[PDB]
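Mapping to the entry's author numbering: the sequence shown position 84 is 86, numbers consecutive. Below is one structure, written out as structure tokens; comments come after it.
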Amino acid sequence: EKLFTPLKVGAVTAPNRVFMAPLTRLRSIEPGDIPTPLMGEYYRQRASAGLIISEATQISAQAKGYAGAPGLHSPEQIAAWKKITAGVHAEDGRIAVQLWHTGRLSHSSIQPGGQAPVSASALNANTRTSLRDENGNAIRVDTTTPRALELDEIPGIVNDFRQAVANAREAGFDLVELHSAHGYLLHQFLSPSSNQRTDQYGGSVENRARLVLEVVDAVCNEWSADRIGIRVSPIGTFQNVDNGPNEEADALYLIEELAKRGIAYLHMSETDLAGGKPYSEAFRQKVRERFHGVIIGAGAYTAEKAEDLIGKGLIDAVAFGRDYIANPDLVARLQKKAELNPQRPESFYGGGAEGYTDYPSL
Ligand SMILES: Cc1cc2nc3c(=O)[nH]c(=O)nc-3n(C[C@H](O)[C@H](O)[C@H](O)COP(=O)(O)O)c2cc1C
Numbered sequence: 003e004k005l006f007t008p009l010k011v012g013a014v015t016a017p018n019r020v021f022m023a024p025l026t027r028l029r030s031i032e033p034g035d036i037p038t039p040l041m042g043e044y045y046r047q048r049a050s051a052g053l054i055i056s057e058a059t060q061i062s063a064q065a066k067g068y069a070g071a072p073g074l075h076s077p078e079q080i081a082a083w084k085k086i087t088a089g090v091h092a093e094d095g096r097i098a099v100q101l102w103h104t105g106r107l108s109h110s111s112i113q114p115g116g117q118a119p120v121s122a123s124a125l126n127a128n129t130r131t132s133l134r135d136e137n138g139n140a141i142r143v144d145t146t147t148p149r150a151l152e153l154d155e156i157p158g159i160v161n162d163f164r165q166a167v168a169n170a171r172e173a174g175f176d177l178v179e180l181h182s183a184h185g186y187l188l189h190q191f192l193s194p195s196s197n198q199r200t201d202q203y204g205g206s207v208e209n210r211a212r213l214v215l216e217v218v219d220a221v222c223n224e225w226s227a228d229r230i231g232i233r234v235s236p237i238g239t240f241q242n243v244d245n246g247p248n249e250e251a252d253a254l255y256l257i258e259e260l261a262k263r264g265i266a267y268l269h270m271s272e273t274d275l276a277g278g279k280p281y282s283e284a285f286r287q288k289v290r291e292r293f294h295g296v297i298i299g300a301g302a303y304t305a306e307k308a309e310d311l312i313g314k315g316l317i318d319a320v321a322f323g324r325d326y327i328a329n330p331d332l333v334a335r336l337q338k339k340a341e342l343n344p345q346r347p348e349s350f351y352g353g354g355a356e357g358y359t360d361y362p363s364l
């Protein structure tokens, strides 16, 4: 049973291959987008994971797209995350921070100055984000049409990722995961659907990948390549952002470039919750031969599917999302073949301890 064997993930050694996927839970304090001791307890409960990957976390105030999502840009955010990572370490866990900029998947009412959010191009996401009502409860609101970033603004985006990585290292995270998936800002540049630019950041796949590779380079230089992972969702459609008409070839180009940086891991989000066609074995093989770090697979996995693909040498670890929401001791449950707790989806987003810290261990 390879799932319960160790794995070196860049600078860290995970004791098992059962990872906690990044899960937005929208329970942070406003004003200030501040993580809380409740969040600290939730992560501490899950510290037996081979690796915890945190909820997506803003690199800056401009990055915010969801009310209740935390940041890693302010002194008060850094101080709060320091307590959270210390708690995970006291339980012998390891924790990466997933860092995002939401780009156009946002609303003006939560942006600095109440202005339109930014993106590769001035195209509405045509979906909804989560705000809070006057009682502090989560509500789904249509996205605001973004403004296209000017060329002279792109270095500031890269610097915001760099600074957020400095902050993450200071805050005690073991690794960083760049959120280059699911229709957020980096994916908005990668995708020809959302990126209609005609400068060096749009058009060719090389230009579409330019921003994410500049970010990768900047964060590797700020910390170390063996502390950097990246999440991609490069096959299919995620939150209305497709991967264009040459999605496999474009994915392999990006993966070959990422491999050159010697980063710690590639995390592939294979499907959204509504499902879609499975990755082909041939595509998995093409990814594996191009990337020489850890590959994490995610998206409706079972322990059996994970074991199959680990045993075939195609991936190294699996990230579970909803099963980690509901099972703090998922590792022990999978190892013992125990039943899993029933999930309560109504409390995934927003609220308090109920549906968050009240799922029991075995
Ligand atoms: C409530 C919820 C929140 C999520 N938040 C994030 C997130 O912040 N970042 C991310 O990359 N994926 C996020 N996802 C996707 C999950 O990381 C995971 O890839 C997905 O849940 C599919 O896997 P599963 O079948 O194991 O749940 C979220 C999923 C759910 C259900």
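Note that CB positions come from ideal geometry on N, CA and C, so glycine has one too.
Heavy atom of ligand 1 within 6 Å of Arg324 beta-carbon: True, at least one ligand heavy atom lies under 6 Å from that Cβ.
Just reading off the beta strand (DSSP E) that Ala319 is part of, what are its end residues? Counting along the chain, the beta strand (DSSP E) containing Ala319 begins and ends at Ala319 to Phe322.
In angstroms with no decimal places, state the Cα-to-Cα distance between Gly313 and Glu43. Their backbone Cα atoms lie some 34 Å apart in a straight line.
Should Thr59 be labelled buried (16 or more other beta-carbon atoms within 10 Å of its own) or exposed? Answer is buried; the Cβ neighbour count reaches 16.
For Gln64, I'd like the list of residues in its chain whose CB is within less than 8 Å of its CB, leaving aside the five on either flank, ordered along the chain. Non-local C-beta neighbours of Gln64 in its own chain, meaning closer than 8 Å and more than five positions away in sequence, comprise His103, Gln113, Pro114, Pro119, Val120 and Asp162, ordered along the chain.
When the Cα atoms are used, what is the spatial distance from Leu213 to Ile298? Answer to the nearest angstrom: the Cα atoms are 23 Å apart.
Buried or exposed for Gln117, please, with buried defined as at least 16 other CB atoms from any protein chain shown within 10 angstroms of its CB. Here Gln117 is exposed: its Cβ has fewer than 16 other Cβ atoms, across all protein chains shown, within 10 Å.
Heavy atom of ligand 1 less than 6 Å from the Cβ of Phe240, yes or no? Remark: the shortest separation between the CB of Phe240 and any heavy atom of ligand 1 does not fall under 6 Å.
So, using beta-carbon positions, are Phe240 and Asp274 closer together than 7 Å? At the C-beta level, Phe240 and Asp274 come within 7 Å of one another.
Beta-carbon spacing of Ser123, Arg199 below 7 Å: It is a contact, given that the beta carbons lie within the stated cut-off.
Can you list, in chain order, the stretches of the alpha helix (DSSP H) that have 4 or more residues and sit fully within the stretch 62-143? Entirely contained in the stretch 62-143, the alpha helix (DSSP H) runs reaching 4 residues are, in chain order, 77-92.
Does the stretch 90-98 come within contact of the stretch 128-143, defined as at least 3 CB pairs closer than 8 Å? Contact fails: fewer than three Cβ-Cβ distances are below 8 Å.
Checking 7 Å against the spacing of the C-beta atoms, do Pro148 and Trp83 come in under that value? When the beta-carbon positions are compared, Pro148 and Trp83 stay at least 7 Å from each other.
Flag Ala300 as yes when its Cβ comes closer than 6 Å to any non-hydrogen atom of ligand 1, and as no otherwise. At least one heavy atom of ligand 1 is nearer than 6 Å to the Cβ of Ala300, so yes.
Quick one: using the 10 Å Cβ neighbour count with 16 as the cut-off for buried, is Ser282 buried or exposed? A residue is called buried when at least 16 other Cβ atoms come within 10 angstroms of its Cβ; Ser282 does not meet this threshold and is exposed.
Sequence-distant residues of its chain with Cβ nearer than 7 Å to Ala173 (five each side left out): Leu74, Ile80, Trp83, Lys84 and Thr87, listed in sequence order.
DSSP has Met22 in a bridge; who is on the other side? Beta-bridge pairing by DSSP links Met22 to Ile54 and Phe322.
For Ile156 and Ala220, the rounded distance between their alpha carbons: Distance between the alpha carbons of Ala220 and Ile156 is about 13 Å.
Less than 6 Å between C-beta atoms, sequence neighbours within five positions excluded: which residues of the same chain meet that for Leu187? Counting only Cβ-Cβ distances below 6 Å, and skipping sequence neighbours, we find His103 and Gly105.
Near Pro194, which residues of its chain fall below 6 Å by C-beta distance, leaving aside the five closest residues on each side in sequence? The answer, listed in chain order, is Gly246.
If you reduce the DSSP assignment to three classes, tell me which class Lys314 lands in. In the three-state reduction of the DSSP assignment, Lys314 falls in the coil class, being assigned neither a helical nor a strand state.
What residues are listed by DSSP as bridge partners for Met41? In the DSSP assignment, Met41 forms no beta bridge with any residue.
Can you find at least 3 beta carbon pairs, one from the stretch 285-292 and one from the stretch 11-25, that sit closer than 8 Å? The stretch 285-292 makes no contact with the stretch 11-25; the number of CB pairs closer than 8 Å stays below 3.
Can you list, in chain order, the residues of its chain whose CB lies under 7 Å from that of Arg171, leaving out five sequence neighbours each side? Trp225.
Report the CB separation of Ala308 from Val320 in whole angstroms; it is logged as a contact under 8 Å. With a contact defined as Cβ atoms closer than 8 Å, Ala308 and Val320 qualify at about 4 Å.
For the alpha helix (DSSP H) that contains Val296, what are its first and last residues? Unbroken run through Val296 is the beta strand (DSSP E), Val296 to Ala300; no alpha helix (DSSP H).
Would the beta-carbon of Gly231 fall within 7 Å of that of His269? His269 sits close to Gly231, with the two beta carbons spaced by under 7 Å.
Beta-ladder partner(s) of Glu179, from DSSP: BP columns for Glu179 point to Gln100 and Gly231.
Going by C-alpha distance, which of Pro77, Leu28, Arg29 and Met22 is nearest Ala51? Closest option to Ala51, judged by alpha-carbon separation, among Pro77, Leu28, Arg29 and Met22: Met22.
Pull up the distance between the alpha-carbon of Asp325 and that of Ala71, whole angstroms please. Here the alpha carbon of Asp325 sits roughly 21 Å from the alpha carbon of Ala71.
So what does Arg149 bridge to, in DSSP terms? DSSP output for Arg149 lists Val120 as bridge partner(s).
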